[PDB]
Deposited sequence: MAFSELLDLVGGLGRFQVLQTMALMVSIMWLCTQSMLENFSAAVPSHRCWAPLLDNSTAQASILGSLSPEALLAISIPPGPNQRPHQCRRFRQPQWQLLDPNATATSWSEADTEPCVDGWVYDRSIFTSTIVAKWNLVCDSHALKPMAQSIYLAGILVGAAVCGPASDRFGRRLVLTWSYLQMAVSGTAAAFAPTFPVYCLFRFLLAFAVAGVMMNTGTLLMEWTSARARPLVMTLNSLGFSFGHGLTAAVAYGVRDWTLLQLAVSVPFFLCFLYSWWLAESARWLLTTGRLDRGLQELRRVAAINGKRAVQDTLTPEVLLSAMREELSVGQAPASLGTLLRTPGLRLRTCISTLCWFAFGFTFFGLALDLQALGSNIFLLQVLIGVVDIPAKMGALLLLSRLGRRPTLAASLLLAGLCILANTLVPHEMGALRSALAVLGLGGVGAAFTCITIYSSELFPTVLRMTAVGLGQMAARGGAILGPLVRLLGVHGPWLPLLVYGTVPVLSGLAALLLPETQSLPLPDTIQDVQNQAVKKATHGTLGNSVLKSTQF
């Protein structure tokens, strides 16, 4: 009774935590924009007017003819940008003009968020040890709620990034304490099931985010809505690494497990946080991510049970990488196929997360098990921090970030073939 109720509450918390993580692709979606031109803001056709007021692009994002030319002089967006509000009424990109010259700020915002996750885990470890895990979890709920509300009403971009950093600082503690509490009260034999249940809670959070963002098209309102439930969550909440590396034989397993954690984190947080490239419809992609993760993670658990631990992880990582590579390979015209491939890739990445979480426990003796799992978690968080950054390589071509996202998991899975069991 108590175990199931606690599991349900923590599943709800994880759903909302996934919402916090994945909100960025909605609250930071880049709308179609253009320099604010006077002649565009003898009237003629809007298409013709825009043709004589904005140079053509591969509709140029950030240029405008100095004087309306009827038919070099192109100049930057001196007066600002005009954002298309057909989908989103407001966004951080539209609010702070994170386009073109300052385009790197959005992926940099996502990197700051993930660095906040890393720092929050690092601090909450010793804090959760020093103070009760339940107390730290309650304080993390409170911090998540307040940081989300503040970042919703952030006046300037540095303030928004700072409060996203503190929000991540809090979510790291939330995740740490939720996982620890689930582990403590669950029988050692039932650990794979509990891990799968938590991952399924995250999958449900994907669709929850999709629905909330669909309803609330204002980034301020979206952030505030996703942050409010943590107020209620707070209300009703009431063997060192040196030795691990020293051992000679362990080095192979340690390196490969850490590489797998890093590959999962990098690929997921570099792809999951930018679904605009993956598919045309962000809401549909967000929904399908969870809709496929559910069966994907269930099948991952089934294969893990019957097909084995190592081959299941290898298959999941290879599937993710190959699907991402195909997505960047198949023609951009075939949008449906690319969206399906991206959904399959994210499902495989989630399955790989389940597999590695349930596998790294077995790979190492009980004395070093906690240290190995912690090292894997830290590597995953570092890869997450590096995830959004590689999207900056898209300036040369949008295919390069996806090529990196695909070749990382493929190589990690191939390396996963050397694991013992």
{"query": "Regions of the deposited sequence not represented in the model", "finding": "1 to 14, 56 to 64, 82 to 84, 98 to 110, 278 to 334, 518 to 553"}
